[PDB]
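Trainee: Have a look at the structure that comes next, please.
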There are 2 protein chains.
Amino acid sequence: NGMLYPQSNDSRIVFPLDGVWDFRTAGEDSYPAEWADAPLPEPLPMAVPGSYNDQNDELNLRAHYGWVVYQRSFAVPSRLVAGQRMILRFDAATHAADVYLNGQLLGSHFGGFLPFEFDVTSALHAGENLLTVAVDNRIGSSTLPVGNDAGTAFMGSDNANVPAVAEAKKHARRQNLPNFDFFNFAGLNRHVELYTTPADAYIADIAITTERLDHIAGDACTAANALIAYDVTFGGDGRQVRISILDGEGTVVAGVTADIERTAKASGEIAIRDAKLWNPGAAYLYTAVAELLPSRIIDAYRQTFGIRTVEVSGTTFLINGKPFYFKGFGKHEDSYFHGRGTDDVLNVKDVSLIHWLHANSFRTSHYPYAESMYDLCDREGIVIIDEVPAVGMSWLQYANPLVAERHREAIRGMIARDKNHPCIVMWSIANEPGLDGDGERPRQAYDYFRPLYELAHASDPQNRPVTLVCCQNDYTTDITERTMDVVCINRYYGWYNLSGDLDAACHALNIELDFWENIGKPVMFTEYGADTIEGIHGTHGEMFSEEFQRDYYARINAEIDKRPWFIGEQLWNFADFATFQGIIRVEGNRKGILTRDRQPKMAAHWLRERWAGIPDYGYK
Amino acid sequence: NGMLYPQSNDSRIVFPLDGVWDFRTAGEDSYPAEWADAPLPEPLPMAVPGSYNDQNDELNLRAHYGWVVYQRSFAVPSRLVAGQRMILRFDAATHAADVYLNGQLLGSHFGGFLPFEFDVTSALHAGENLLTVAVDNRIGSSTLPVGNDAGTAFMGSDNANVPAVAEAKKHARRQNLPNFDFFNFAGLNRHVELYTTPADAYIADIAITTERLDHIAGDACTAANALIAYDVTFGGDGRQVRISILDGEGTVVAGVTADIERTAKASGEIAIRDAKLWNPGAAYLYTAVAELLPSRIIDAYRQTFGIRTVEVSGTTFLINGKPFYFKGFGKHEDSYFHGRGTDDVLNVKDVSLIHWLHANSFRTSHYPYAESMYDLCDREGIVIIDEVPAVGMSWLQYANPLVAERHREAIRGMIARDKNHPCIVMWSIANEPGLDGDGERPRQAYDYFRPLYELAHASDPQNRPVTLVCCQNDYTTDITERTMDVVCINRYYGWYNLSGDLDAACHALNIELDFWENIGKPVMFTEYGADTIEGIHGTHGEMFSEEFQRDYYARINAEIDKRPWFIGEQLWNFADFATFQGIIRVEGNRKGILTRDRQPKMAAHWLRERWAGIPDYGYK
Ligand SMILES: O=C(O)[C@H]1CNC[C@@H](O)[C@@H]1O
Ligand SMILES: O=C(O)[C@H]1CNC[C@@H](O)[C@@H]1O
């Protein structure tokens with residue numbers, strides 16, 4: 001269950017396998033299994049990590065349906081592998097993958113946004129090894145994220161009553177039809193690496209939690225005392241583990257030796273005097289160094305953490321006991337050539353833009369992001385809402401046990417991967433599932449989501465709040481959103497309804513805000529926005545102009561400022577991003593306040609000035 | 001002198017150091033050297049590889065002048081450094097760097113586009129090591145590429161006669177002023193890695209050459225016999241090295257054991273029957289495996305190569321004895337967030353676009369590119385003209401001994417790094433230096449460049465042709481260009497002169513072609529083009545419209561098709577790219593046939609149709 005990111009130290013080495021691999025497309029429902037036995041025939045080049053779809057302009061890989069096959073060779077010195085446990089880790093293979101090493105099937109994985117690994121100790125050999133990875137991009141009614149089995153993609157146009165249309169659909173080329181508003185970029189989107197641990201006994205998982213803060217300073221920079229807890233899990237086979245806590249300068253400020261008891265675990269607590277707390281806008285990180293003891297060290301792992309508490313109290317959201325206000329947006333992992341491929345240059349740039357904007361937070365819409373982005377937000381003081389890929393869901397999925405199992409898998413996998421990040425303050429278990437309606441539909445949705453809400457709470461040792469991001473709906477028949485810890489709403493008054501009429505949009509919004517006022521929960525936007533083409537201007541801005549987007553946020557934000565229980569504004573979106581093609585997507589989704597190349601539209605400048613004047617704590 | 005790219009095998013391991021480093025800006029002329037003794041204070045994140053300039057929008061790092069400081073920590077198992085020679089390699093630090101490891105100054109380097117390395121066997125230690133790299137971006141009258149010490153950047157506007165301007169210049173913030181038309185992106189632009197070799201005796205360099213081809217097939221796919229030569233250099237301290245030649249399937253087709261003799265070298269020839277030849281559009285690669293013998297193997301290195309000859313004969317350019325015609329463009333290493341940083345997703349996409357366009361070649365304008373791109377072009381059958389960063393030069397530089405030494409270093413360093421690539425067919429020793437004029441100026445330029453032409457020929461074991469890329473000039477007083485092995489001219493008739501008037505442009509072009517007809521050398525364009533804003537259209541296209549760009553190539557190409565001695569058309573540019581800001585640069589240089597996001601303008605479609613109909617061999 002532990003998925004610690006691979007580390008190099010005196011006991012462990014990581015051998016990256018990124019670079020230019022060989023690649024072939026394969027069939028809609030099959031690939032040649034014999035490709036794992038010999039070098040691929042007539043291979044294309046394909047860089048890893050990256051989506052494959054935009055890496056070849058001779059082929060139309062955005063249209064590909066089904067399997068592709070990656071392959072490369074590697075060699076490592078016998079000295080590296082001797083006596084060690086060898087693990088091959090895939091940070092992400094989107095959506096499903098079959099992995100072969102020297103012709104041997106290691107195993108398979110479903111779930112395109114979370115890491116998986118194999119023990120390859122016995123499958124490796126000396127000299128060149130041949131690694132073959134088949135990757136399946138298909139989505140449909142039983143995948144997360146959800147695809148449509150027929151009809152159109154999300155907000156696609158149709159003329160379904162025309163007989164010629166009905167007939168042509170029967171013979172059309174198969175294509176994935178996302179039931180979500182982003183392009184189905186596929187492939188080895190994140191890093192691949194071989195790593196080593198000791199074989200006899202090794203550190204398998206670490207959890208650090210902030211248990212209690214005593215006498216927190218008025219500015220929240222420190223606490224007189226912080227009680228933290230550790231939980232180390234071991235693999236392999238009167239043994240001990242040394243746990244050292246290092247402050248920001250590398251100084252060992254605390255140390256304890258713990259007994260390993262058997263499933264091997266060491267557990268306990270440490271009090272840290274005058275602890276420096278992690279806050280939005282003012283990050284501070286410690287390192288917990290776990291050293292497996294026999295003079296010597298047997299194994300070691302260095303786990304970053306930050307000391308801070310998160311608590312929902314009434315209509316407030318308390319970080320280190322202070323009332324926080326979210327400023328930010330949903331994001332995407334999306335960029336020109338990379339697709340959904342991880343790109344740390346762009347992550348570094350995006351975190352700087354978050355600071356330029358004076359925002360303090362974002363949501364990982366609509367899937368867990370690459371691990372490096374959370375490390376970045378840890379060091380940069382940016383709060384994250386962490387979301388599983390359960391987008392596109394409705395009653396057809398809730399009745400499908402395979403979907404429920406995939407949903408539980410995603411929630412457990414996300415929290416197991418991400419639990420140690422101080423920047424994560426809240427979990428999102430779905431984006432815009434169907435919740436409202438009549439008859440038994442609202443109750444069926446509730447019975448589907450309530451156990452998953454409980455699952456997210458049971459899985460997180462820090463016990464952070466749990467939400468479900470709600471689509472614009474009939475809020476009076478939805479019975480599920482109002483039971484979340486924070487109510488997170490996506491609303492497009494004046495864009496998808498009351499179009500262009502900001503007076504009516506604000507009137508409608510206030511009617512719904514009156515509803516939420518009586519519910520008594522803290523409420524925030526997680527989406528609201530307007531497609532905007534940079535360079536479209538007007539003196540009285542209409543839909544798609546830069547002025548309309550600016551006016552949209554100016555009007556809507558004036559209304560939520562009047563509500564003391566409205567605790568955040570995350571807009572849609574940070575930046576324009578790719579989608580399946582359709583009549584409402586102009587080269588993708590254009591609700592970014594930045595362009596796809598991260599340049600600011602008029603609204604971004606306005607929001608920057610607004611957010612410069614809103615404190616992280618005490619605004620409401 | 002050897003710079004073999006780091007390889008992992010049974011005798012050697014590579015440990016990458018890329019990732020998110022710590023970073024601080026420093027002074028115009030200094031940085032704090034004590035930063036190498038402890039973690040940088042209050043660091044920013046900075047992804048490596050990548051330019052730093054576009055990775056932080058809070059700061060204005062495009063405006064930065066002087067030093068910045070990078071830092072990271074790393075740790076490797078003692079088990080794998082033990083007994084080994086430990087080398088730290090910087091694939092590129094732009095432009096100059098000081099490198100510290102655990103406080104100790106390892107040394108410094110100046111060229112910004114070529115790799116350098118340090119032996120750190122003795123500076124490493126167990127546990128965490130602290131690597132600090134100060135990088136200097138400054139350019140001026142003594143650097144390659146050349147900066148201006150005062151005035152404006154390349155093609156900048158001025159009103160120098162206005163007294164207020166003259167006075168304001170004296171106090172203006174110091175800024176790099178490129179004397180070249182691309183942005184001065186700086187930082188750790190390419191990968192950083194630590195690698196190991198055996199310490200007592202190791203392979204230091206390998207050079208493979210195609211010495212002779214017997215009975216080449218009519219289609220140039222094979223020769224009845226190919227004679228290749230090897231030259232292996234060793235470091236360290238009756239010794240022997242086994243050379244195995246592997247074909248595309250890994251079959252050992254030829255092999256020899258050579259004696260090692262004292263600088264420790266082994267060299268010889270190998271006959272390969274029915275050799276499969278490397279051609280544009282039809283790549284074929286062999287591998288030369290060199291194994292240092294003591295049954296055991298002491299050391300090994302696998303060197304890719306391709307079997308082909310390059311020869312200029314009269315007014316033809318012969319590859320494997322067939323008359324080649326260049327179709328392609330100058331490129332840049334330039335992209336949105338990365339800057340000049342290497343990006344293998346983008347390299348893979350760009351090579352696919354070269355194929356989409358039916359081009360067969362490019363030039364590395366105006367600096368050597370990342371090593372991975374040449375490996376890609378070797379495998380994809382794309383021909384390269386390899387160019388050093390000697391851009392922006394004029395008579396001020398020719399009398400500067402520091403410049404001359406940097407120019408010789410770049411020529412030797414480029415050819416030492418790149419000599420084994422079959423895709424490289426020609427070396428370029430400068431782009432658009434000053435060559436014409438009256439008095440002694442033409443002779444001064446000739447006396448500067450002729451020793452460099454000879455140096456390039458003496459450095460390359462394959463003895464490939466050498467050129468210098470000529471700016472639009474008075475070709476009748478230039479005495480240097482006409483002495484190159486291939487005449488490579490940059491011409492902008494109808495753009496920078498005779499503007500908009502394609503009839504006059506073609507007339508002027510034909511007058512100059514008449515001059516070159518009498519010189520009797522093979523001639524090619526290395527640049528010609530027209531800035532073009534995608535989406536600007538006209539029925540009679542004017543400058544900056546998509547139609548003008550199409551008409552420009554249509555008219556110019558019709559004229560060179562009439563000249564049998566004109567052996568190639570490389571246009572400017574493959575794609576729009578960033579420049580220093582100025583009144584003639586609309587968000588950079590817009591002469592790309594693709595946009596900066598690699599989308600095709602009208603002219604790219606027209607060129608694709610033209611080039612589809614032009615064969616690699618025998619067009620003229
Ligand atoms: O319609 C939109 O722009 C948004 C609506 N809410 C869900 C988002 O993924 C989607 O992109
Ligand atoms: O002016 C231009 O567009 C080009 C002229 N020749 C040199 C190129 O670097 C430059 O970009």
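In the structure tokens, each chain is lettered A, B, ... as it comes, each chain's residues begin at 1, and ligands are numbered from 1 in order of appearance.
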Determine which residues of chain A sit within 7 Å of chain B, taking into account only C-alpha atoms, and present them as a VMD selection string.

Mentor: chain A and resid 8 to 13 15 45 to 47 50 55 to 58 75 to 78 80 127 336 to 338 344 to 346 348 to 349 352 to 353 355 to 356 597

Trainee: Please identify all protein, DNA and RNA residues within 8 Å of ligand 2, counting only C-alpha atoms and all ligand atoms, and report them as a compact mmCIF listing (two decimals) with N, CA and C atoms, in the first residue's frame.

Mentor:
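Just written: result.txt:
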```
# COMPACT_ATOMS: atom_id res chain seq x y z
N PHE B 180 22.69 39.18 -32.21
CA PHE B 180 22.14 38.04 -32.91
C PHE B 180 20.64 38.08 -32.66
N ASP B 181 19.88 37.50 -33.58
CA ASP B 181 18.42 37.64 -33.61
C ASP B 181 17.74 36.49 -32.89
N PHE B 182 18.13 36.18 -31.66
CA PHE B 182 17.38 35.23 -30.86
C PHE B 182 17.60 35.60 -29.40
N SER B 365 21.14 26.11 -36.52
CA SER B 365 21.29 27.56 -36.29
C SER B 365 20.94 27.89 -34.84
N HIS B 366 21.75 28.65 -34.10
CA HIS B 366 23.12 29.10 -34.44
C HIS B 366 24.11 28.66 -33.38
N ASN B 431 27.84 32.10 -38.54
CA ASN B 431 26.62 32.60 -39.19
C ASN B 431 26.72 34.11 -39.32
N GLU B 432 26.71 34.59 -40.56
CA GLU B 432 26.61 36.00 -40.92
C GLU B 432 27.68 36.87 -40.28
N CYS B 471 25.81 36.28 -44.65
CA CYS B 471 24.68 37.20 -44.62
C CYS B 471 24.51 37.90 -45.96
N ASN B 490 22.43 33.38 -47.06
CA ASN B 490 21.18 33.89 -46.49
C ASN B 490 20.74 35.10 -47.30
N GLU B 527 19.10 30.44 -45.58
CA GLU B 527 17.98 31.23 -45.04
C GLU B 527 17.35 32.03 -46.15
N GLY B 529 13.05 34.08 -46.21
CA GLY B 529 11.73 33.98 -45.62
C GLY B 529 11.19 35.36 -45.33
N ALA B 530 10.06 35.37 -44.62
CA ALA B 530 9.22 36.57 -44.49
C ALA B 530 8.42 36.43 -43.21
N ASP B 531 8.43 37.45 -42.35
CA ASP B 531 7.68 37.32 -41.10
C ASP B 531 6.20 37.23 -41.43
N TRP B 572 14.32 30.09 -43.78
CA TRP B 572 14.30 30.56 -42.42
C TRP B 572 12.84 30.86 -42.12
N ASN B 573 12.21 30.29 -41.09
CA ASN B 573 12.71 29.34 -40.10
C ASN B 573 11.67 28.19 -40.07
N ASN B 589 10.58 36.36 -33.56
CA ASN B 589 10.76 36.24 -35.00
C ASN B 589 9.62 35.40 -35.56
N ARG B 590 8.92 35.92 -36.57
CA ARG B 590 7.74 35.23 -37.09
C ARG B 590 7.96 34.67 -38.50
N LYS B 591 9.23 34.40 -38.87
CA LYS B 591 9.49 33.80 -40.18
C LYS B 591 9.28 32.29 -40.17
```

Trainee: In terms of the shortest atom-to-atom distance over only C-alpha atoms, which of B:369, B:211, B:292, B:433 is closest to residue 239 (chain B)?

Mentor: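 Smallest distance to residue 239 (chain B) is found for B:292.
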
Trainee: What residues in region 75-216 of chain A get the DSSP label strand (DSSP E or B)? Please answer as a compact mmCIF listing (two decimals) with N, CA and C atoms, in the first residue's frame.

Mentor:
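Generated file (out-v2.txt):
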```txt
# COMPACT_ATOMS: atom_id res chain seq x y z
N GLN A 84 20.34 -6.91 -3.99
CA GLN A 84 19.31 -5.89 -3.79
C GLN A 84 17.96 -6.38 -4.27
N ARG A 85 16.93 -5.77 -3.71
CA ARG A 85 15.56 -5.91 -4.18
C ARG A 85 15.34 -4.85 -5.27
N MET A 86 14.94 -5.29 -6.47
CA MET A 86 14.84 -4.42 -7.64
C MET A 86 13.37 -4.18 -7.96
N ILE A 87 12.97 -2.91 -8.06
CA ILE A 87 11.56 -2.56 -8.25
C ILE A 87 11.48 -1.69 -9.51
N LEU A 88 10.53 -1.99 -10.38
CA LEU A 88 10.32 -1.17 -11.57
C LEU A 88 9.04 -0.37 -11.33
N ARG A 89 9.12 0.97 -11.35
CA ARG A 89 8.00 1.82 -10.97
C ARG A 89 7.52 2.62 -12.17
N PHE A 90 6.22 2.58 -12.39
CA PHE A 90 5.53 3.43 -13.38
C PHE A 90 4.78 4.51 -12.63
N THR A 94 -1.46 5.78 -18.72
CA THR A 94 -2.84 6.16 -18.90
C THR A 94 -3.49 5.44 -20.09
N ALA A 96 -4.52 2.03 -18.88
CA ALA A 96 -4.27 0.66 -18.41
C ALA A 96 -3.03 0.13 -19.12
N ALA A 97 -2.29 -0.79 -18.47
CA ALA A 97 -1.04 -1.18 -19.07
C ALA A 97 -0.77 -2.63 -18.73
N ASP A 98 -0.13 -3.33 -19.66
CA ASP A 98 0.45 -4.67 -19.46
C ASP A 98 1.96 -4.50 -19.58
N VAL A 99 2.73 -4.99 -18.59
CA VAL A 99 4.17 -4.75 -18.58
C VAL A 99 4.92 -6.07 -18.72
N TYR A 100 5.88 -6.12 -19.63
CA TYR A 100 6.72 -7.29 -19.88
C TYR A 100 8.18 -6.94 -19.70
N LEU A 101 8.96 -7.85 -19.11
CA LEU A 101 10.40 -7.65 -18.97
C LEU A 101 11.06 -8.92 -19.47
N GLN A 104 8.74 -11.83 -20.10
CA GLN A 104 7.91 -12.25 -18.98
C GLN A 104 6.86 -11.20 -18.64
N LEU A 105 5.58 -11.59 -18.61
CA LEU A 105 4.54 -10.67 -18.16
C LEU A 105 4.66 -10.45 -16.66
N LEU A 106 4.97 -9.21 -16.27
CA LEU A 106 5.03 -8.84 -14.87
C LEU A 106 3.65 -8.66 -14.27
N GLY A 107 2.69 -8.15 -15.03
CA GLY A 107 1.40 -7.83 -14.45
C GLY A 107 0.76 -6.69 -15.23
N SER A 108 -0.38 -6.26 -14.72
CA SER A 108 -1.22 -5.27 -15.38
C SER A 108 -1.71 -4.25 -14.37
N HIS A 109 -2.14 -3.08 -14.88
CA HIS A 109 -2.64 -2.07 -13.98
C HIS A 109 -3.76 -1.35 -14.70
N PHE A 110 -4.82 -1.03 -13.97
CA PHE A 110 -5.83 -0.08 -14.43
C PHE A 110 -5.85 1.13 -13.52
N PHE A 116 2.25 2.56 -10.01
CA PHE A 116 2.22 1.13 -9.72
C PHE A 116 3.62 0.57 -9.95
N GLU A 117 3.92 -0.58 -9.31
CA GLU A 117 5.29 -1.05 -9.44
C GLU A 117 5.31 -2.58 -9.38
N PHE A 118 6.42 -3.13 -9.85
CA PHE A 118 6.63 -4.58 -9.87
C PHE A 118 7.99 -4.92 -9.28
N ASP A 119 8.06 -6.05 -8.57
CA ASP A 119 9.36 -6.57 -8.13
C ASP A 119 9.96 -7.35 -9.30
N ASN A 129 18.43 -5.64 -21.02
CA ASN A 129 17.10 -6.09 -20.71
C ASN A 129 16.13 -5.39 -21.66
N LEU A 130 15.02 -6.06 -21.98
CA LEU A 130 14.03 -5.56 -22.95
C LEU A 130 12.72 -5.35 -22.20
N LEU A 131 12.29 -4.08 -22.12
CA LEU A 131 11.11 -3.69 -21.37
C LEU A 131 10.02 -3.27 -22.35
N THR A 132 8.89 -3.97 -22.32
CA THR A 132 7.78 -3.75 -23.26
C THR A 132 6.54 -3.38 -22.46
N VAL A 133 5.89 -2.27 -22.83
CA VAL A 133 4.75 -1.79 -22.07
C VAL A 133 3.64 -1.54 -23.06
N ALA A 134 2.58 -2.32 -22.97
CA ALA A 134 1.39 -2.07 -23.78
C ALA A 134 0.48 -1.15 -22.99
N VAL A 135 -0.06 -0.10 -23.65
CA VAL A 135 -0.90 0.86 -22.94
C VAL A 135 -2.21 1.01 -23.68
N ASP A 136 -3.31 0.95 -22.94
CA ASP A 136 -4.68 0.95 -23.47
C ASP A 136 -5.31 2.30 -23.15
N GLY A 147 -16.14 7.23 -19.97
CA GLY A 147 -16.42 7.43 -21.38
C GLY A 147 -17.85 7.04 -21.73
N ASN A 148 -18.35 7.57 -22.83
CA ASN A 148 -19.68 7.21 -23.28
C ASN A 148 -19.56 6.08 -24.26
N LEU A 177 -15.19 8.50 -26.48
CA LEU A 177 -16.09 9.66 -26.33
C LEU A 177 -16.08 10.08 -24.86
N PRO A 178 -15.20 11.00 -24.48
CA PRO A 178 -15.12 11.39 -23.06
C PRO A 178 -16.46 11.89 -22.56
N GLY A 187 -0.93 7.28 -22.66
CA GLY A 187 0.47 6.89 -22.82
C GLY A 187 1.23 6.90 -21.51
N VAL A 192 9.20 6.74 -15.58
CA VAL A 192 9.45 5.31 -15.36
C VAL A 192 10.84 5.18 -14.76
N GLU A 193 10.98 4.34 -13.73
CA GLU A 193 12.31 4.20 -13.15
C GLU A 193 12.47 2.83 -12.50
N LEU A 194 13.69 2.32 -12.54
CA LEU A 194 14.08 1.13 -11.77
C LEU A 194 14.73 1.62 -10.48
N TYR A 195 14.34 1.05 -9.33
CA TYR A 195 15.02 1.45 -8.10
C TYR A 195 15.37 0.23 -7.26
N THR A 196 16.28 0.43 -6.31
CA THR A 196 16.74 -0.66 -5.46
C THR A 196 16.41 -0.36 -4.00
N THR A 197 16.17 -1.41 -3.23
CA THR A 197 16.15 -1.32 -1.78
C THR A 197 16.94 -2.52 -1.28
N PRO A 198 17.34 -2.51 -0.02
CA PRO A 198 17.83 -3.76 0.58
C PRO A 198 16.77 -4.84 0.49
N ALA A 201 15.49 -6.63 4.70
CA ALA A 201 14.54 -5.80 5.43
C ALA A 201 14.64 -4.41 4.82
N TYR A 202 13.50 -3.74 4.66
CA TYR A 202 13.52 -2.43 4.00
C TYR A 202 12.34 -1.60 4.47
N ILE A 203 12.46 -0.29 4.29
CA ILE A 203 11.37 0.62 4.65
C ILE A 203 10.35 0.64 3.52
N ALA A 204 9.10 0.33 3.84
CA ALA A 204 8.06 0.19 2.83
C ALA A 204 7.09 1.36 2.76
N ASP A 205 6.80 2.01 3.89
CA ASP A 205 5.88 3.15 3.92
C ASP A 205 6.17 4.00 5.16
N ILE A 206 5.92 5.30 5.05
CA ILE A 206 6.03 6.21 6.18
C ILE A 206 4.80 7.09 6.16
N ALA A 207 4.15 7.27 7.31
CA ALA A 207 3.14 8.31 7.48
C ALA A 207 3.55 9.24 8.61
N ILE A 208 3.53 10.55 8.35
CA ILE A 208 3.74 11.57 9.38
C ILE A 208 2.45 12.34 9.55
N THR A 209 2.03 12.58 10.79
CA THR A 209 0.82 13.35 11.06
C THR A 209 1.08 14.44 12.09
N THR A 210 0.35 15.55 11.96
CA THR A 210 0.35 16.61 12.97
C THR A 210 -0.79 16.33 13.93
N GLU A 211 -0.46 15.87 15.14
CA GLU A 211 -1.49 15.45 16.09
C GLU A 211 -2.07 16.61 16.88
N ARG A 212 -1.24 17.55 17.32
CA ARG A 212 -1.72 18.59 18.21
C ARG A 212 -0.74 19.75 18.18
N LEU A 213 -1.27 20.96 18.25
CA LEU A 213 -0.48 22.18 18.39
C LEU A 213 -0.90 22.87 19.68
N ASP A 214 0.09 23.28 20.47
CA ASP A 214 -0.14 23.96 21.74
C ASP A 214 0.40 25.38 21.63
N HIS A 215 -0.42 26.35 22.02
CA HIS A 215 -0.03 27.76 22.03
C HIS A 215 0.53 28.20 20.68
N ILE A 216 -0.35 28.27 19.69
CA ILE A 216 0.04 28.74 18.37
C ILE A 216 0.20 30.25 18.40
```

Trainee: Grab the CA of residue 37 (chain B) to CA of residue 73 (chain B) distance for me, in Å with one decimal place.

Mentor: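 Between CA of residue 37 (chain B) and CA of residue 73 (chain B) the gap works out to 12.0 Å.
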
Trainee: Could you check which of A:326, A:154, A:374, A:448 is closest to ligand 1, using only C-alpha atoms and all ligand atoms?

Mentor: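 Counting only C-alpha atoms and all ligand atoms, the residue closest to ligand 1 is A:154.
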